[PDB]
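Participant: Can you keep this structure in mind? I'll have questions shortly.
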Amino acid sequence: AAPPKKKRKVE
Amino acid sequence: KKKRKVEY
Amino acid sequence: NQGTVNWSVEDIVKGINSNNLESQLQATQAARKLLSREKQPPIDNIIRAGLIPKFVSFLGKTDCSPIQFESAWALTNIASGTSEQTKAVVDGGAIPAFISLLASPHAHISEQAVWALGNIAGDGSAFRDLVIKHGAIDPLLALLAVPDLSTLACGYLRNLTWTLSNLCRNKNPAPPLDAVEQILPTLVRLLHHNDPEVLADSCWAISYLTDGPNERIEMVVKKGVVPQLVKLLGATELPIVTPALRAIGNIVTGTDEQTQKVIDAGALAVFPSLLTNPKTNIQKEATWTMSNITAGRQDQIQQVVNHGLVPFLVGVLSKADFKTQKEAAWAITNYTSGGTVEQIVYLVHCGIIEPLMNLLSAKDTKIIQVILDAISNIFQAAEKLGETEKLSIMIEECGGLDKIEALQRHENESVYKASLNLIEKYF
């Protein structure tokens, strides 16, 4: 699938 | 119309 | 910084509301840690407490880079939420503030701004275009303005690439034309980088740009990236091939001239592999791509023949995921409607008839129309050769007749009418 529209910066 | 763009 | 681990929202409000800059920093960091926990960050609790305006405010504290980074990360995570959550960040004035941070002397702060702007533009057309209007592109591109991309930190370069791809993303409306022209040259440079993630995301960006009116495809092809795309098409990594194939597949939906560019680039040599690829989805998009090529000129339909791809189409039509089979049906119907009698004869000699008849048993009126349709094309070619009868037998042999007749009593007017004609004109 295509890259995430958004990304949460984990930790 | 034979060429069907991201109409798949 | 164990002190800022697992704070309550009210404590965070307490620190941010204190008039002590250090207290504010500790509270902002604690907020960032909540928003960064592995599961379910309290994004709404944070918004409800009215903390966004404060965080946005800390973005401008040039004198305290640490709080700039913390609030930038906190806002980033809030922005990674739903449209409403992303909107709350935009509503706080974060867009221009993050753009100013792009020029930060601190790489990690600039990178955070890049990430955040990426989440904002990734929400859709409106915010993407709002980011562009605030003038994010120049600063972003300037960050990649170095002699050799390899001197940039890998994580940093993947971030910029990803954010640029989002500025190239979405369709109603498509990104501004002048914005695409501004970005393309850099995109072309990222397409030649050695990092797999940079390559994949660059291909995705090129695939977003080629997904639309042929004029859009033109500005991309005009840059001469088709050869590089074909090369990426033969890549070992599935994450690179998928977006490359999407881009190549979009380009062939354009004009015959644009289609000819991928053919000239040597793309057809890769399809024997793509059409038998282990992933159903690579296999589906490959057949879809093939279908738009057989929808081209006869000299192009011949290149499909010369690369020995007809047998691969027969195979996909014979055994594949149903969706792929349906794309195979189209490729065949397109081939038969625009091909020469010799090319259509060849198609038959490759054994297209049986697998085509078996697909008449599919519960999908559209493909059934497409198939029956193709049959008509083939008979039409056999008529110009007085071999309409040899074709009838063949269709009988494999049980095609016993299915065209049954369809004749179908409930779709396109179908049964198409059936009738065949039977009453060939059987």
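Going by the structure tokens order, chains are called A, B, ..., each with residues numbered from 1, while ligands are numbered from 1 in the order shown.
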Pick out the residues sitting within 12 Å of residue 2 in chain B, and hand them over as an mmCIF file with C-alpha atoms, in the first residue's frame; count only C-alpha atoms, and ignore anything fewer than 4 positions along from it in its own chain.
Facilitator:
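Here's the written file out-v8.cif:
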data_model
loop_
_atom_site.group_PDB
_atom_site.id
_atom_site.type_symbol
_atom_site.label_atom_id
_atom_site.label_comp_id
_atom_site.auth_asym_id
_atom_site.auth_seq_id
_atom_site.Cartn_x
_atom_site.Cartn_y
_atom_site.Cartn_z
ATOM 1 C CA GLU B 7 -10.136 3.274 -13.220
ATOM 2 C CA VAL C 252 0.538 4.421 -20.254
ATOM 3 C CA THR C 253 -3.015 5.657 -19.604
ATOM 4 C CA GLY C 254 -1.962 8.811 -21.445
ATOM 5 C CA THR C 255 -1.320 9.371 -25.150
ATOM 6 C CA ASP C 256 0.286 6.907 -27.546
ATOM 7 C CA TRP C 288 -3.835 -3.447 -15.859
ATOM 8 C CA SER C 291 -4.275 -3.625 -20.876
ATOM 9 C CA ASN C 292 -3.594 0.064 -21.500
ATOM 10 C CA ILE C 293 -0.707 -0.873 -23.755
ATOM 11 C CA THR C 294 -2.802 -3.255 -25.835
ATOM 12 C CA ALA C 295 -5.214 -0.319 -26.019
ATOM 13 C CA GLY C 296 -2.484 1.472 -27.970
ATOM 14 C CA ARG C 297 -1.403 1.479 -31.622
ATOM 15 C CA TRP C 330 -9.659 -6.009 -20.762
ATOM 16 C CA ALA C 331 -6.146 -6.384 -22.147
ATOM 17 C CA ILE C 332 -7.555 -8.977 -24.550
ATOM 18 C CA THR C 333 -10.616 -6.963 -25.541
ATOM 19 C CA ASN C 334 -8.351 -3.974 -26.212
ATOM 20 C CA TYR C 335 -5.922 -6.084 -28.204
ATOM 21 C CA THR C 336 -8.733 -7.492 -30.367
ATOM 22 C CA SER C 337 -10.396 -4.142 -31.031
ATOM 23 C CA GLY C 338 -7.248 -2.407 -32.239
ATOM 24 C CA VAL C 370 -15.908 -7.462 -22.072
#
Participant: Neighbouring residues of residue 9 in chain A were defined as those with any atom within 12 Å, considering only C-alpha atoms; residues of the same chain fewer than 3 positions away were excluded. Please report them as a JSON list (two decimals) with N, CA, C and O atoms, in the first residue's frame.
Facilitator:
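Writing done, so here's result.json:
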[["chain", "number", "residue", "atom", "x", "y", "z"],
["A", 6, "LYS", "N", -0.32, 10.27, 7.38],
["A", 6, "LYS", "CA", 0.19, 10.89, 8.59],
["A", 6, "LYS", "C", 1.01, 9.86, 9.36],
["A", 6, "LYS", "O", 0.84, 8.65, 9.15],
["C", 32, "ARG", "N", 4.54, 15.79, 25.43],
["C", 32, "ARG", "CA", 5.10, 15.08, 24.29],
["C", 32, "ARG", "C", 5.26, 13.60, 24.61],
["C", 32, "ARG", "O", 5.09, 12.75, 23.73],
["C", 33, "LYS", "N", 5.59, 13.27, 25.85],
["C", 33, "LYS", "CA", 5.75, 11.87, 26.20],
["C", 33, "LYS", "C", 4.43, 11.13, 26.22],
["C", 33, "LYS", "O", 4.37, 9.97, 25.83],
["C", 34, "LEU", "N", 3.36, 11.80, 26.66],
["C", 34, "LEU", "CA", 2.03, 11.17, 26.64],
["C", 34, "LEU", "C", 1.66, 10.90, 25.18],
["C", 34, "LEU", "O", 1.23, 9.80, 24.82],
["C", 35, "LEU", "N", 1.82, 11.93, 24.35],
["C", 35, "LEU", "CA", 1.50, 11.84, 22.94],
["C", 35, "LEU", "C", 2.41, 10.90, 22.17],
["C", 35, "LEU", "O", 2.15, 10.61, 21.01],
["C", 36, "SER", "N", 3.47, 10.42, 22.82],
["C", 36, "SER", "CA", 4.42, 9.52, 22.17],
["C", 36, "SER", "C", 4.40, 8.09, 22.70],
["C", 36, "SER", "O", 5.21, 7.26, 22.29],
["C", 37, "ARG", "N", 3.48, 7.80, 23.63],
["C", 37, "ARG", "CA", 3.39, 6.46, 24.19],
["C", 37, "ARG", "C", 2.85, 5.48, 23.14],
["C", 37, "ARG", "O", 1.95, 5.81, 22.36],
["C", 38, "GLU", "N", 3.41, 4.28, 23.14],
["C", 38, "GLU", "CA", 3.06, 3.23, 22.19],
["C", 38, "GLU", "C", 1.58, 3.02, 21.88],
["C", 38, "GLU", "O", 1.23, 2.62, 20.77],
["C", 39, "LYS", "N", 0.70, 3.30, 22.84],
["C", 39, "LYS", "CA", -0.72, 3.09, 22.58],
["C", 39, "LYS", "C", -1.70, 4.16, 23.03],
["C", 39, "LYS", "O", -1.70, 4.59, 24.18],
["C", 41, "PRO", "N", -2.51, 7.77, 22.36],
["C", 41, "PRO", "CA", -2.09, 9.02, 23.00],
["C", 41, "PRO", "C", -3.35, 9.86, 23.26],
["C", 41, "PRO", "O", -4.25, 9.88, 22.43],
["C", 70, "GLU", "N", 10.23, 20.26, 21.68],
["C", 70, "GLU", "CA", 9.20, 19.53, 22.41],
["C", 70, "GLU", "C", 7.80, 19.87, 21.90],
["C", 70, "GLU", "O", 7.00, 18.98, 21.62],
["C", 72, "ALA", "N", 7.09, 21.16, 19.09],
["C", 72, "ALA", "CA", 7.05, 20.79, 17.68],
["C", 72, "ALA", "C", 6.70, 19.30, 17.54],
["C", 72, "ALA", "O", 5.99, 18.90, 16.63],
["C", 73, "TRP", "N", 7.22, 18.50, 18.45],
["C", 73, "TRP", "CA", 6.97, 17.07, 18.43],
["C", 73, "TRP", "C", 5.53, 16.80, 18.91],
["C", 73, "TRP", "O", 4.82, 15.97, 18.35],
["C", 74, "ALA", "N", 5.11, 17.52, 19.95],
["C", 74, "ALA", "CA", 3.77, 17.37, 20.51],
["C", 74, "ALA", "C", 2.72, 17.71, 19.45],
["C", 74, "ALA", "O", 1.75, 16.98, 19.26],
["C", 75, "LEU", "N", 2.93, 18.84, 18.77],
["C", 75, "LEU", "CA", 2.02, 19.29, 17.75],
["C", 75, "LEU", "C", 2.02, 18.32, 16.58],
["C", 75, "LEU", "O", 0.99, 18.07, 15.97],
["C", 76, "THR", "N", 3.19, 17.76, 16.30],
["C", 76, "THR", "CA", 3.32, 16.79, 15.23],
["C", 76, "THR", "C", 2.41, 15.59, 15.48],
["C", 76, "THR", "O", 1.68, 15.14, 14.60],
["C", 77, "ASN", "N", 2.45, 15.07, 16.70],
["C", 77, "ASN", "CA", 1.66, 13.91, 17.04],
["C", 77, "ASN", "C", 0.18, 14.22, 17.07],
["C", 77, "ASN", "O", -0.64, 13.39, 16.70],
["C", 78, "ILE", "N", -0.18, 15.43, 17.47],
["C", 78, "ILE", "CA", -1.58, 15.81, 17.47],
["C", 78, "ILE", "C", -2.00, 15.84, 15.99],
["C", 78, "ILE", "O", -3.03, 15.27, 15.61],
["C", 79, "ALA", "N", -1.19, 16.49, 15.16],
["C", 79, "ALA", "CA", -1.46, 16.59, 13.73],
["C", 79, "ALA", "C", -1.55, 15.24, 13.01],
["C", 79, "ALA", "O", -2.12, 15.14, 11.92],
["C", 80, "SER", "N", -0.99, 14.19, 13.61],
["C", 80, "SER", "CA", -1.03, 12.87, 12.99],
["C", 80, "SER", "C", -2.37, 12.19, 13.25],
["C", 80, "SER", "O", -2.58, 11.05, 12.85],
["C", 81, "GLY", "N", -3.28, 12.88, 13.93],
["C", 81, "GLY", "CA", -4.56, 12.27, 14.24],
["C", 81, "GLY", "C", -5.59, 12.41, 13.13],
["C", 81, "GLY", "O", -5.25, 12.44, 11.94],
["C", 111, "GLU", "N", 13.88, 19.15, 11.23],
["C", 111, "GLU", "CA", 13.31, 17.88, 10.83],
["C", 111, "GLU", "C", 11.90, 17.70, 11.43],
["C", 111, "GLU", "O", 11.00, 17.19, 10.76],
["C", 112, "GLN", "N", 11.71, 18.14, 12.68],
["C", 112, "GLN", "CA", 10.39, 18.04, 13.30],
["C", 112, "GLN", "C", 9.38, 18.88, 12.55],
["C", 112, "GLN", "O", 8.25, 18.46, 12.36],
["C", 115, "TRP", "N", 8.40, 17.08, 9.49],
["C", 115, "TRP", "CA", 7.48, 15.99, 9.81],
["C", 115, "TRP", "C", 6.06, 16.53, 9.98],
["C", 115, "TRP", "O", 5.12, 16.05, 9.35],
["C", 116, "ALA", "N", 5.92, 17.54, 10.85],
["C", 116, "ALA", "CA", 4.63, 18.16, 11.13],
["C", 116, "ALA", "C", 3.95, 18.69, 9.86],
["C", 116, "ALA", "O", 2.78, 18.43, 9.64],
["C", 119, "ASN", "N", 2.44, 15.97, 8.08],
["C", 119, "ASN", "CA", 1.17, 15.48, 8.60],
["C", 119, "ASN", "C", 0.04, 16.42, 8.21],
["C", 119, "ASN", "O", -1.08, 15.98, 7.97],
["C", 159, "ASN", "N", 12.56, 11.76, 5.79],
["C", 159, "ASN", "CA", 11.50, 12.64, 6.24],
["C", 159, "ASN", "C", 11.12, 13.69, 5.20],
["C", 159, "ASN", "O", 9.94, 13.88, 4.92]]
Participant: For the interface of chain A with chain C (cut-off 6 Å, counting only C-alpha atoms), please tabulate each contacting residue of chain A alongside its nearest pair of atoms and their separation in Å to one decimal, rows sorted by chain and increasing number, as a tab-separated table.
Facilitator:
residue	atom	partner	partner_atom	distance
A:5	CA	C:122	CA	4.7
A:6	CA	C:119	CA	4.7
A:7	CA	C:80	CA	5.5
A:8	CA	C:77	CA	4.9
A:10	CA	C:36	CA	4.8
A:11	CA	C:36	CA	4.8
Participant: Which residues of chain B sit at most 7 Å from chain C, using only C-alpha atoms? Give each one's shortest atom pair and distance in Å (one decimal place), in chain and ascending residue order, as a Markdown table.
Facilitator:
| residue | atom | partner | partner_atom | distance |
| --- | --- | --- | --- | --- |
| B:2 | CA | C:295 | CA | 5.6 |
| B:3 | CA | C:292 | CA | 5.1 |
| B:4 | CA | C:253 | CA | 6.2 |
| B:5 | CA | C:253 | CA | 5.1 |
| B:6 | CA | C:211 | CA | 6.9 |
Participant: Would you mind exporting C-alpha atoms of the selected residues as a PDB file, in the first residue's frame?
Facilitator:
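Below you can see selection36.pdb, which holds the result:
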ATOM      1  CA  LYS B   2      -9.983   2.062 -24.218  1.00  0.00           C
ATOM      2  CA  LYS B   3      -7.255   3.617 -22.067  1.00  0.00           C
ATOM      3  CA  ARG B   4      -8.721   3.406 -18.594  1.00  0.00           C
ATOM      4  CA  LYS B   5      -6.805   5.613 -16.135  1.00  0.00           C
ATOM      5  CA  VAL B   6      -6.718   4.674 -12.438  1.00  0.00           C
TER       6      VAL B   6
END
Participant: Write out as a list in words which residues come within 10 Å of residue 383 in chain C when counting only C-alpha atoms, dropping same-chain ones fewer than 6 positions away.
Facilitator: residues 341, 377, 389, 391 and 426 of chain C
Participant: I'd like the contact shell of residue 357 in chain C - 9 Å cut-off, only C-alpha atoms, skipping same-chain residues fewer than 6 positions apart - returned as a list in words.
Facilitator: residues 371, 372, 395, 398, 399, 400, 401, 403 and 404 of chain C
Participant: Dump N, CA and C atoms for the selected residues as an mmCIF file, in the first residue's frame?
Facilitator:
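The result, written out as part.cif:
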data_model
loop_
_atom_site.group_PDB
_atom_site.id
_atom_site.type_symbol
_atom_site.label_atom_id
_atom_site.label_comp_id
_atom_site.auth_asym_id
_atom_site.auth_seq_id
_atom_site.Cartn_x
_atom_site.Cartn_y
_atom_site.Cartn_z
ATOM 1 N N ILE C 371 -15.708 -9.894 -22.246
ATOM 2 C CA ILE C 371 -15.322 -11.137 -22.909
ATOM 3 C C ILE C 371 -16.102 -11.346 -24.207
ATOM 4 N N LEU C 372 -17.424 -11.466 -24.077
ATOM 5 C CA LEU C 372 -18.314 -11.651 -25.223
ATOM 6 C C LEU C 372 -17.875 -10.692 -26.316
ATOM 7 N N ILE C 395 -14.628 -23.049 -30.188
ATOM 8 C CA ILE C 395 -15.419 -22.545 -29.073
ATOM 9 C C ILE C 395 -16.360 -23.632 -28.568
ATOM 10 N N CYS C 398 -14.211 -26.508 -26.435
ATOM 11 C CA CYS C 398 -13.955 -26.201 -25.030
ATOM 12 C C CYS C 398 -15.206 -25.884 -24.228
ATOM 13 N N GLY C 399 -16.355 -25.837 -24.895
ATOM 14 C CA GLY C 399 -17.598 -25.558 -24.192
ATOM 15 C C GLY C 399 -17.992 -24.096 -24.142
ATOM 16 N N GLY C 400 -17.494 -23.320 -25.096
ATOM 17 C CA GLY C 400 -17.822 -21.911 -25.139
ATOM 18 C C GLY C 400 -19.267 -21.720 -25.548
ATOM 19 N N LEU C 401 -19.701 -22.467 -26.561
ATOM 20 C CA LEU C 401 -21.073 -22.360 -27.043
ATOM 21 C C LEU C 401 -22.053 -22.652 -25.919
ATOM 22 N N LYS C 403 -22.010 -21.954 -23.216
ATOM 23 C CA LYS C 403 -22.001 -20.867 -22.245
ATOM 24 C C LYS C 403 -22.483 -19.565 -22.862
ATOM 25 N N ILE C 404 -22.239 -19.395 -24.157
ATOM 26 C CA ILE C 404 -22.688 -18.191 -24.837
ATOM 27 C C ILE C 404 -24.203 -18.284 -24.958
#
Participant: Between CA of residue 106 in chain C and CA of residue 88 in chain C, what is the distance, to one decimal in Å?
Facilitator: 26.2 Å
